[PDB]
Protein chains: 2
Amino acid sequence: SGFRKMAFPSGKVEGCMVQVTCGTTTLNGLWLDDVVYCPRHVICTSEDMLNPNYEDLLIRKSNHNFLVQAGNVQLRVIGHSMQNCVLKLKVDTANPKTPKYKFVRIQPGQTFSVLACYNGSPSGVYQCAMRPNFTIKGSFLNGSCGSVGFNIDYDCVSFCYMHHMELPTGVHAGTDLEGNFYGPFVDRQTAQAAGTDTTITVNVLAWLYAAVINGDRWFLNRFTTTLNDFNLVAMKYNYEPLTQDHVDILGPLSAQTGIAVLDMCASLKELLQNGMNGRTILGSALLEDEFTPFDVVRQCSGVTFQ
Amino acid sequence: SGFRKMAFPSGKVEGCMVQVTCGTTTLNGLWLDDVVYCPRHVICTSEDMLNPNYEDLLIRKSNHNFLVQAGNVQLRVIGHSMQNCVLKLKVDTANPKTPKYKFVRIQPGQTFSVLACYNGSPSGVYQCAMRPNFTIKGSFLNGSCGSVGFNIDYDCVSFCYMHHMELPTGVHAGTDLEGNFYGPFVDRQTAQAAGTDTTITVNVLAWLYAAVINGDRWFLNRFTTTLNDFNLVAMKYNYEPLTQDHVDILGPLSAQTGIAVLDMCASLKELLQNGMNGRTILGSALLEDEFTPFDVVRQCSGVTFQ
Ligand SMILES: *[C@](O)(C(N)=O)[C@H](C[C@@H]1CCNC1=O)NC(=O)[C@@H]1[C@@H]2[C@H](CN1C(=O)CNc1c(F)cc(F)cc1F)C2(C)C
Ligand SMILES: *[C@](O)(C(N)=O)[C@H](C[C@@H]1CCNC1=O)NC(=O)[C@@H]1[C@@H]2[C@H](CN1C(=O)CNc1c(F)cc(F)cc1F)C2(C)C
Ligand SMILES: [Ca+2]
Ligand SMILES: [Ca+2]
Ligand SMILES: [Cl-]
C-alpha cells in the first residue's frame, strides 16, 4: 500500500546524456545512435536571445564549432542541421548505450519523467504532466536546457519532451524531439505568457480511485450524477470537460473498486462544492491531477520495465 | 525556478537489481561484486511468517536452493550466510556494473531515493524520509521486498535501506544493508505498531527557505524569536525540538536569503498558530518536512552525480 509521485527508472536515459558547447554556451544533448539532439539556442550568446535569426547564426558555424562531451570522452561532430527548434549533430561514434526508443508527441493531461541534467550530468528525476495550457510545473535552473522527459514501456524509451525555457510564474515550456514546441511558445526572449490552466478532471478521478484502493474512502457519498450535470459543475471550478473516452479509460479502476465512474463523479462534485473541511486524501489537502489512470494501475499493480 | 520532490538518478542501482527465489518465494536482491544481499524471509513459506526460526529454516537450505537471476542470466550461488535480518549469497560472477558504493545507516530526518522493484525489475523511483518513528511513507506492494533506498554523492552510491515490511496505516519498515532494522520492528507477522510520528522541524525550515528562493514570500513576518520560545511552540504541534546543530546546518540557506534562522522560526511559529488561511507555499496547502537543507541547496544549486 501507499501512493507516491513516482518517476520511471532513469538508467536508460542517463546513458544518452551529453554536454554540447558552442562558444560561451553549454547545455545538455541527447545522444541516440550517431546523432546528438539539443536546443538550437546553444548557438546564441546573451544579446542574441531577444530575437535570434537561428538559420543565419547557424551558417557562421562549422561541425568543429560544436564541442560534444560524453563524460570525459569528446565526440567528433561530422554533420549538423536544424529541425524546427532542435539541432541534430551527427557524430563519428554511435552511442553503445542507445536504448530501444521512439519520439512521441504527448497529449495534454499525460504524464512523463524529467531527468534534470547540468553539463551533461544527471541531477534528479521527477514525474510531470503536460498541463492543458502546454506548460509543465518543473524544477529547472540555467544549464538544464536539453534535459529530456520520457516514458518507459517495458524496454522502449518514448522521448516526449526537451527543455528550452521558463515562463512567468515558474512554469516551463519545451519541444518534442522533432523540435516543435508544446503550446504557442517560441525560443526568443519576448513577453510570452501561459494560457490560463485548467485541472485535468480524468486524472483527479484516477487519484480518488487510488485513494479508495489504499483505504482512504471518507469522501465517497451515496449519490450518482449524469455526465452532463457533472460537467456543468466541473466548469465553475476550472476543470476540463470529462468525455466518454475519459469514462472508458477509467473503466478498469471502476471495475477493480466496484465504484461506477458516474458515482465517483458525484463524490468529486461534492468535494468541489463543499471543500475537504481540513481532511486529507492520500496525505494531500488539495485534489491531485498529475496521476493518469495508467499511472494509478501501474503503481497499484507493480508493473516493471527492462 | 520551481521546486519538485526529486529522486536521485537510479541508473547505478538499476544495474545491481536481481531476482532471488527460494521455493515459492521470489523477491529482489542487490548484487554488488560477487555477493547478493536480500531479506532473510525469502526462506519462509506463508505459514512460517507468524514466528519463523530463521537460523533453523536456513540450515535446511543448500546454495543450489537459491535461484538468482540477473535479467535472463542465472547466477550460480557458491555460498550463503545470514547477517541479522539479511542473507548474503556469494555468487561465482562479480557484478560488472557494481558502482562505487558504501553501506550507511541514515539518521531520522534524512532523505533517500527508493527504487521500487518487482521480480528484480525496477518499477519506479521516489524520494522518502526516515521518519522520527523509524518508518517511511513508501509505495510498496507484495513482491517489493529487497528494494533498496540510496543517496548518490558524485560517483558513490550510499545504500541506507532494504525493504522488509508494511505496518498499520500504510507505512513501511526495513533494515540497513547490515540487516539491522530501523526502529523497534522485527521480521515476524506479529502485532507491531509505529511510534507516534513527529514533524521534522529543520526540514520544514529548509522548505520555507526553498519557498523564499522561489519567490513565495507571503508568510515572512516582521518578528524574531529565541530558540527556547520557538521550541515551546513547536512542542504543542508535535514538531521535533530544533537544536543548535539544526540552526548551524540552516546557516548557508540563511546567508543565501538574508533571513536569520530565528527570524524564519518566528514565521513558522505564526503559521503553526494561525494556519495558512487557504494559501499555498510552493503549491502545497500543508507544511512539507521531507526536504533536508542539503536537498534544498542541491535542487536550487543544480548539483550533479557521475
Ligand atoms: C536554457 O537555455 C538553459 N541554458 O538552461 C534556459 C533554461 C531556463 C533558465 C531559468 N530556468 C529555465 O528553465 N532557457 C532560457 O534561458 C530561455 C532561452 C531564452 C530565454 N529563456 C528563458 O527561459 C526566459 N525566461 C523568462 C521567464 F521565465 C519569465 C519572464 F518574465 C521572462 C523570461 F525571459 C530562450 C527562450 C531562447
Ligand atoms: C515482502 O516480503 C515482499 N515479498 O514484498 C513484503 C512486503 C509487504 C507486502 C505489502 N506491502 C509490503 O511492503 N513483506 C511482508 O509481507 C512482511 C513479512 C511478513 C509480514 N509482512 C508484512 O509486511 C505484514 N504487514 C502487516 C501490516 F502492514 C499491517 C498489519 F496490521 C499486519 C501486518 F502483518 C514479514 C514481516 C516477515
Ligand atoms: Ca579539434
Ligand atoms: Ca542446477
Ligand atoms: Cl497539499
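A few comments on the model shown:
- In the stretch B:127-148, residue nearest to the other protein chains (Cβ to nearest Cβ) [restricted to those that are under 11 Å from the mean Cα position of the chain (by Cα), at negative phi and away from ligand 2 (no atom under 14 Å from the Cβ)]: B:127
Yes/no matrix, rows are residues, columns are (1) in contact (Cβ under 8 Å) with a residue 40 or more places away in the chain; (2) surrounded by 18 or more Cβ atoms within 10 Å (Cβ to Cβ); (3) more than 16 Å from ligand 5 (Cβ to nearest atom); (4) not in a loop (DSSP other than H, G, I, E, B):
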{"residue": "B:184", "(1), (2), (3), (4)": "yes, no, yes, no"}
{"residue": "B:187", "(1), (2), (3), (4)": "yes, yes, yes, no"}
{"residue": "B:207", "(1), (2), (3), (4)": "yes, yes, no, yes"}
{"residue": "B:231", "(1), (2), (3), (4)": "no, no, yes, yes"}
{"residue": "B:235", "(1), (2), (3), (4)": "no, no, yes, yes"}
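- Qualifying residue in the stretch B:159-176 (condition: within 22 Å of residue A:121 (Cβ to Cβ) and surrounded by fewer than 24 Cβ atoms within 10 Å (Cβ to Cβ)): yes
- Among the residues of the stretch B:180-200, the one identified as away from ligand 2 (no atom under 16 Å from the Cβ) and touching a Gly at 6+ places or on another chain (Cβ under 9 Å) is B:200.
- Residues that are assigned to a loop (DSSP other than H, G, I, E, B) and buried (at least 20 other Cβ atoms within 10 Å of the Cβ) within the stretch A:144-158 comprise A:144, A:145, A:146, A:147, listed in sequence order.
- Single unsatisfied condition, residue B:211 versus (1) more than 14 Å from every other protein chain (Cβ to nearest Cβ); (2) assigned to a helix (DSSP H, G or I); (3) of a type in the set (A, V, I, L, M, F, W, C): (1)
- Being more than 14 Å from chain A (Cβ to nearest Cβ) and either surrounded by 14 or more Cβ atoms within 10 Å (Cβ to Cβ) or not in a loop (DSSP other than H, G, I, E, B) (or both) holds for only one residue in B:304, B:224, and it is B:224.
- Selection status of residue B:131, of a type in the set (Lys, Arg), part of a loop (DSSP other than H, G, I, E, B) and under 20 Å from residue B:196 (Cα atoms): yes
- Condition met for residue B:206 (within 14 Å of another protein chain (Cβ to nearest Cβ) and in contact with a helix residue (DSSP H, G or I) (Cβ under 6 Å, 6 or more places away or on another chain)): no
- Listed here are the strands (runs of 3 or more DSSP E) enclosed by the stretch B:44-98 that have at least 2 residues being within 15 Å of residue B:23 (Cβ to Cβ) and away from ligand 2 (no atom under 14 Å from the Cβ): B:66-70, B:77-83.
- Filter result for residue B:110 (more than 26 Å from residue A:12 (Cβ to Cβ), surrounded by 17 or more Cβ atoms within 10 Å (Cβ to Cβ), away from ligand 5 (no atom under 16 Å from the Cβ) and under 25 Å from the mean Cα position of the chain (by Cα)): yes
- You will find that of B:65, B:53, the residue that is without any contact (Cβ under 8 Å) to a residue 24 or more places away in the chain, away from chain A (no Cβ under 14 Å) and either surrounded by fewer than 18 Cβ atoms within 10 Å (Cβ to Cβ) or more than 20 Å from residue B:142 (Cα to Cα) (or both) is B:53 and no other.
- The set of residues in the stretch B:1-35 that are within 14 Å of chain A (Cβ to nearest Cβ), over 20 Å from the mean Cα position of the chain (by Cα) and either of a type in the set (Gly, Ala, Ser) or closer than 27 Å to residue A:117 by Cα (or both) comprises B:1, B:2.
Don't worry about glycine lacking a Cβ; one is built from the backbone with ideal geometry, like all the others, and counts go over all protein chains shown. No value in this document is a laboratory result; all are computed from the given coordinates.
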